[PDB]
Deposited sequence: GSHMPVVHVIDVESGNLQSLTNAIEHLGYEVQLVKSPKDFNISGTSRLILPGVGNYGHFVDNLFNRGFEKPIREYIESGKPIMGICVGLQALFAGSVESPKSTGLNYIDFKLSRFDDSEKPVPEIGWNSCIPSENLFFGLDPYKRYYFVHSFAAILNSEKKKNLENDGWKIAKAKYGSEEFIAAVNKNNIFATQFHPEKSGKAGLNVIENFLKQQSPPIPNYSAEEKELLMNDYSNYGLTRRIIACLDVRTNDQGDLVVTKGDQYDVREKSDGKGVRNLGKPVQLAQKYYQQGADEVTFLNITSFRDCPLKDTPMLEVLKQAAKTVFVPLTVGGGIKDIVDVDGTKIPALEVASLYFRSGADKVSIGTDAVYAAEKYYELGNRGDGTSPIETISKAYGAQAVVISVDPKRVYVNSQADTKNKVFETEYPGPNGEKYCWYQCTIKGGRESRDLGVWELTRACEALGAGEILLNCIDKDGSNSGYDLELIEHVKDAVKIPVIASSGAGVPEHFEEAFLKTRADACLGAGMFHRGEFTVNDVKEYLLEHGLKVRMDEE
């Protein structure tokens, strides 16, 4: 209550706030949540953090409706330190095209606009960097990486940067594709980041720490060798080659949670191991009692105490009927996982039903699918589609309704074309839907990322299905993650150099300890690729 500095965090109670609070505590601070203006007072507050995730209007409506506008402005006028994170940063602007009708605090007189997806995937999901500058602050290091996850940004041009400079604003710039945008701002007592420091490992914690202690340490004195190695060369649009570690979560006989089919601290510990070994993100495949007491939620909550990178959970995110008969829609189930520590949810089977219905309605959605409800509330960046396809040959496009493509490898009868058929219920059942049609429908519906598995390569340890990746990349404009088949570092290299995969996921190879995320990163690094090394 006074035995340690107190940090007040404005909580609109929507989204994952576990990471931010755990980071602050981990830094030696006590967290005081502020769900209402009644929960804090100007003079009694020395450190205020405004975290925000999701649709711009959603967050700003919520915030302003609870009466935080005046309290926030007054606090800012008090001259005391305030930190905005992600939407907290956007809230400082005039508004956002994401929610046309919305209005911000307008400290910066222009709106956030959507990234250009003609040249790159949108949303931006990954590790970008601040452009070297003389006016960086709070320790922002151009040679480190921070995690960004957003479709909208304060996109810059010469005119806006000049006005900002004349307005006395210090701007940390970043570039995604050919577009420059505000990664961070600083003017007097106001500080805000577009990236999630709490989701940016040690580099992130340093930023929060530098803020809480109000200090801008100089960046390390790297050697010219190190700089050339650590600098952003803007390959892959400026994002590092994202390495994802995945683990299964099962309930054995005794009813305990384990990762292996034969054995809840195991899943937790492994996730921690992964994080410690460089994983840029950890995915839990929930394959395991009232919703409130789901064991998976505890794994996430426990993992979130020390794992400061994005967490993804797939499985069970759908409309459900609780133990008391209460009907709980997908949206509320997701919110439960998010508030528990998850940053993204993976939709599998329902994604196929959604896509199918989507075409039935003539390429439109009814806004009732988990994809639509969750993405509209939390943004596309929060919804991941897990796809489980299987190659199917045909003599020509004339043999099927689904889009096919000329393959370099002929079929049993010499068929030179093929499409990938999707499956559901753990790949136990097939559907008359191609992956081309499935991904395009889900994207239209609001999915922000595609987890591209491959039934045929799963468990093989012989590399990814490269034509599949390219096939899906031709289909959608959202990030595509290569999964299934990864066995050795070389497979990651092949995917990043021979295909347009936006990330690579590994499971068994990391689980069996054959290699670590770092082994893979060292390899890629040694081969000219850019990887997060924190």
Which ranges of the deposited chain go unmodelled, in order along the sequence?
264 to 278, 304 to 307, 554 to 555
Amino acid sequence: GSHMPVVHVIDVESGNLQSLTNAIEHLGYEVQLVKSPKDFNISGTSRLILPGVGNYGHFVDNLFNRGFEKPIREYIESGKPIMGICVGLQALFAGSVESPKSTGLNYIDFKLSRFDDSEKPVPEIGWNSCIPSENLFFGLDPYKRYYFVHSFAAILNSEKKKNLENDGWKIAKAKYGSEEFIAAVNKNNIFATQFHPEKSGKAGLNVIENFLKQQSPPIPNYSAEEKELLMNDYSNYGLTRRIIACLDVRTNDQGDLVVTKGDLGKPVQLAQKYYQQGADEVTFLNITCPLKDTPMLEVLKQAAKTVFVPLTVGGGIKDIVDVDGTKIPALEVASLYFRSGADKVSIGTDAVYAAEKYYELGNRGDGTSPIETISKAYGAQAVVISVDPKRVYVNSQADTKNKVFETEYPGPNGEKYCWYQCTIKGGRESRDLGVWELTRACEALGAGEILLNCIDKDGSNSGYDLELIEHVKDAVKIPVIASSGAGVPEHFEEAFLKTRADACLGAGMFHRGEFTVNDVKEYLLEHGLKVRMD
From here on, numbers count along this sequence of modelled residues.
Given the other compared entries that model the residues flanking it, would you say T260 is unmodelled in at least one third?
yes
484 to 492 or 29 to 37, whichever carries the higher mean Cα B-factor
29 to 37
Out of 323 to 331 and 121 to 129, which one has CA B-factors that are higher on average in the deposited record?
323 to 331
Looking at the C-alpha B-factor values in the deposited entry, which of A184, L264, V384, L92 comes out highest?
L264
One of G84, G204, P100, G139 has the largest Cα B-factor in the entry, namely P100
Just say lowest, middle or highest third for the CA B-factor of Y147 relative to the other modelled residues in its chain.
lowest
Modelled-residue ranking by C-alpha temperature factor, third containing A303:
middle
By the record's CA B-factor, is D465 among the lowest, middle or highest third of residues in the chain?
lowest
Based on the entry's values, in what third of the chain does the Cα temperature factor of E179 lie: lowest, middle or highest?
lowest
According to the PDB entry, is the CA B factor of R250 in the bottom, middle or top third of its chain, that is, lowest, middle or highest?
highest
